């Protein structure tokens, strides 16, 4: 007679006291669109939060107002397509995470959770990312 909890402890005390290997995971697991689009959500998520954090903290730590900082940026070679590109890669992460976030919420309702409905939705999210990231870098 042994608890589920008692069994779990014995599983750890035995295996950590052993010379057994862990079978490979990410190094051998075959990649799929949703599998990649899940970390991309973490990426874009973490990246964006870093952007927002860098902004708020510099606004407290760095002197000189925003207007002067902009003029500081103008004071530089800013090729119309190099200000576009340096801006596209600031919308791109946000647009992906925005669209895919919506998909995550449809999921939280419980809809579109079959495998066909997942490749369909993923692609749509992927397209919309491009269109809105190009339609805002051109704004």
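Numbering follows the first chain given and starts at 1. Only the largest set of C-alpha atoms that superpose within 1.5 Å between the two forms is called the rigid core.
Between stretches 80 to 88 and 96 to 104, the one whose Cα atoms sit farther from the displayed model in 5 other deposited structures of this protein on average is 80 to 88 (core-aligned, root mean square).
For the pair 55 to 63 and 42 to 50, the mean Cα B-factor is higher in 55 to 63. The PDB entry reports B-factors from which the mean C-alpha value can be compared for 69 to 77 and 107 to 115; the larger average falls on 69 to 77. In the deposited entry, the Cα temperature factor of residue 27 sits in the bottom third of values across the chain's modelled residues. Compared with the other modelled residues of the chain, the Cα B-factor recorded for residue 86 ranks in the highest third.
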